[PDB]
């Protein structure tokens, strides 16, 4: 069936790996390398194609933030460049609505973006939309009921517990209920119509706690914590379960992949990546 793809990441330098995990049989497959190494990117899927968005190439030869959008077709095992964003976005967050990719926040050098732009695959074109109310890098992004949510992050000075949401039909952002915890570099995704925020950095320590937002009650509630605290993790959903991949915990680069089963409210470590890394892009198709 569908596979969990992880692209890029960092360990000693930004990485070029593309690897796919099959949860059904527990196997990993190494696929075509990214054309340029990337960490701090985000992954998403539209129409069966995997996109790698933003990030940076941090190596001993220097750092270059990325405005790149690249597309991987599992059917060809090839990467194809697409149109670049208006600005480089390291530690970007992305979400998909109506088959368009929204690129949210991130940084370019010391600039922490509030800007947001939208990609239309059929036209290979990016368009700026209304900026967020807050500058946010290491921002978690998810889509619920065709609204875009931007959760936590770092504004250039402070790590954030705030969250906001974007209504495309009005092209407007509004603040929602703040999280219980400050989280920069959390994994944020939607599962069964709730927005989950897992891990992150609270300004002092990495987190293993996980909370979920219900738009109906406007409340964030804690669920079972992950076994391993982590920030700059990748998060995705496969067959109704959340998977978190890698990250950093202040001491090590995680290879751990943990799986959250909402039906039992438990996490387990289901596999490990081929090597420890943070700042991966991850998506499922």
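Residue numbers count along the first chain shown, from 1.
The mean C-alpha temperature factor is higher for 21-29 when 7-15 and 21-29 are set side by side. In this entry, 56-64 shows the higher mean Cα temperature factor of the pair 242-250 and 56-64. Going by the entry's values, 144 shows the largest Cα B-factor out of 104, 144, 188, 163. Residue set 209, 78, 206, 90: peak C-alpha B-factor at 78 (per PDB entry). For residue 172, the recorded CA B-factor ranks within the lowest third of the chain. Only modelled residues enter the ranking.
Sort the modelled residues of the chain by CA B factor and residue 44 lands in the middle third.
Sorting the modelled residues of the chain by their CA temperature factor places residue 108 in the middle third. Among all modelled residues in its chain, residue 128 ranks in the highest third by Cα B-factor.
The entry lists a Cα temperature factor for residue 150 that places it in the lowest third of the chain's modelled residues.
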